[PDB]
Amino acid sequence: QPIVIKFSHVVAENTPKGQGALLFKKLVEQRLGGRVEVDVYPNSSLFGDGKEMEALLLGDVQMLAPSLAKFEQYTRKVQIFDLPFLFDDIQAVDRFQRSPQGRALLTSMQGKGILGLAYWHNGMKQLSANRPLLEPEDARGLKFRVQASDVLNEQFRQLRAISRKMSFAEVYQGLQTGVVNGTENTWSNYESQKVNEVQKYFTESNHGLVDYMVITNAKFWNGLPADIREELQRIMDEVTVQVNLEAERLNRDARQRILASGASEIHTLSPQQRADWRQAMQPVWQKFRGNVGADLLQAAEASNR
């Protein structure tokens, strides 16, 4: 009789998405009277990148919240969120997500059996490496780990660097062993996974973002009793507010803990240095302009107002 919802993810528990998954479980327990139960599998403990979606389509899991950079095998529209320097900050991405177009992207993969339920924020991305990254030319010849995204692969190729798509669980070992010597991520991801132990230099570039689309199997979700589906959506909407609030503070704490370690430095780009990094990376947009389309790019650019 109880409907079971298995929510798998790849991040540590002490994170926006980690706390969000646990909060969803808690609120379902406190409000659904045992009619729904939620199991949460963090840190790739059940499924890591890629495999998670294969499992979602098979029904081995009922809920995921993957980075918006990881949907190119289902749609090419969500690639917009990966374009470097498109969004000035999370407030901008939030505006885009709220737009009619941003809301419609939650159904962009419905024909493949994937239903989006919400956007969760994590934060802006920074750059890391074993050498200082002050000017774009510093990235040349480095090997950067990226999420499984052609946009992100091309971003570093544009900087004359090598890109290596790797699952999130593999980043630490990849950097520790030299398979990669740098990467990009939020302060939360870096500190939660202790990647600062293997990256001496960080650059607060805010050159992109890590945000998530909470997703489910359309067949499973659309097959739930209406009253339960609606209540679960209402809970999810409350959980979204909480995740979005904790994301900001968790990212600030993570930065402080990295700076306090003494084993890693952080360089903050001047507005002009940032413009130069933007100038060097923005050419990549031309490669995806066709996939995303002029309207989405217009809406995203308008979100910076």
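We call the rigid core whatever largest set of C-alpha positions still superposes within 1.5 Å between the two forms. Note that residue numbering follows the sequence shown and begins at 1.
Visitor: Which of 45-53 and 62-70 lies farther, on average, from the shown form in 4 other deposited structures of this protein once the rigid core is superposed (C-alpha RMS)?
Guide: Relative to the shown form, the greater RMS C-alpha distance in 4 other deposited structures of this protein belongs to 45-53.
Visitor: Given the B-factors recorded for C-alpha atoms, which segment has the greater mean, 277-285 or 10-18?
Guide: For C-alpha atoms only, the mean B-factor is higher in 277-285.
Visitor: Per the PDB record, is the mean Cα temperature factor higher over 134-142 or over 176-184?
Guide: Looking at the recorded C-alpha B-factors, 134-142 comes out higher on average.
Visitor: From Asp227, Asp82, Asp211, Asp94, can you pick the one with the highest C-alpha B factor in the entry?
Guide: Comparing C-alpha B-factors across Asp227, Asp82, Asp211, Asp94, the maximum falls on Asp227.
Visitor: Of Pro42, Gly48, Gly262, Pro66, which one's C-alpha B factor is largest in the deposited record?
Guide: It is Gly262.
Visitor: Compared with the other modelled residues in the chain, in which third is the CA B-factor of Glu29?
Guide: It falls in the bottom third of the chain.
Visitor: If you rank the chain by CA B-factor, which third does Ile258 end up in: lowest, middle or highest?
Guide: Top third by C-alpha B-factor.
Visitor: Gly113: which third of its chain by C-alpha temperature factor?
Guide: Its C-alpha B-factor belongs to the middle third of this chain's values.
Visitor: Should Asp89 be placed in the lowest, middle or highest third of its chain by the C-alpha B factor in the entry?
Guide: Answer is middle: the recorded C-alpha B-factor places it there.
Visitor: According to the PDB entry, is the CA B factor of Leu245 in the bottom, middle or top third of its chain, that is, lowest, middle or highest?
Guide: Its C-alpha B-factor belongs to the highest third of this chain's values.
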